[PDB]
């Protein structure tokens, strides 16, 4: 009945078939033995893994509803639980995703206003790197600044200065937490939290970090109440507050205080740590393959020039840069073991019966590195997204934002951020570092529920 897999042991589950290389390396080895759809017991819990573009789509697209449930990540479950639009299920999920989409669009998502804020934020970024004057720097903080300011403007109603001390702290917390979430420790914790939770570990520092961020969120929510004008909501929080007051009538409403706190935390995270991390890998990749960079700048020069601000319309006439960004996303592989799903009802899949609430991991990494769709999946090559004519070549295998009903809410804003921030930085600068291109290390610094590049230093030099 469940998909096949290695026989589990009492207590240990399938620990014996696990690998110290982490979940992804482990699952890859079990797949060779049991095929594309198989079962691994994480501690006592059966989890169905789905490998390859075809298996992943057959589930998340062809039985979209059955595979639309949300599973759990043990290490963020203490603080986050199943509140907000991301880790919720059923009517709460349906209500909060719809609410969040509608609301983000009211404050600009997919419209000229957010396009302008990204342009404005890029211009702030260029001015800051000119002040550095060649000098090598670690771009982690700035890449976080520029992406967080876009979501902050939609959620908190403001952007923050690059030297704001409380902004620095929050971004430090986000970076450290995403890495901690991605560490070998969190994976071991996913197996054995019932036992490990009593002891020191990554899981504890993650609860503390998330709680410190949640304090800031609480502060911001209170201050939103004080200045709340019911006929001009400035942002996501106000809009939520207004709906909250209106629905105090219903006792089973989803719009309560906890869903607000966690809704904001969810959006704040992931708007600080996703596009930001992708970008950071992008320029490490630009350091390793400078010929790719030059070919991007040459296309910038032809389509845009060296002075006007890039626009989203410019991307449609820039297939090569677009392909490069696709390839940066395919390679950097932000969410490898995907994100935990589960089936909402008893489900028949490839002759298997998955009982209701069975966890399901769509191994997105196996789609992004699918050999039937990409000639050399382990290598960074823009040609994976170019056809013979040099036009942008789409791929069903390209699912860095996943697919189906749970598909990333921020896909649009993330694609637009990546294009505008990437294309604007290379318009004004070229990049270099002490480290020889052949010595550039592309192995992840942490690989787990997220993928994080190695730390590096980089120089932004004006190009005459």
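Residue numbers count along the first chain shown, from 1.
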Mean C-alpha B-factor higher for 161-169, or for 367-375? 161-169
Please work out which of 2-10 and 455-463 has the higher mean CA B-factor as recorded in the PDB entry. 455-463
Highest CA temperature factor in the entry: which of 68, 402, 427, 39? 427
For the C-alpha B-factor as written in the entry, point me to the maximum among 110, 305, 362, 355. 305
Using the B-factors in the PDB entry, rank residue 205's C-alpha atom against the chain and give the third, lowest, middle or highest. middle
Is the Cα B-factor recorded for residue 289 in the lowest, middle or highest third of its chain? highest
Third of the chain's Cα B-factor distribution that residue 105 belongs to, per the entry: highest
Using the B-factors in the PDB entry, rank residue 30's C-alpha atom against the chain and give the third, lowest, middle or highest. middle
Chain thirds of CA B-factor: placement of residue 317: highest
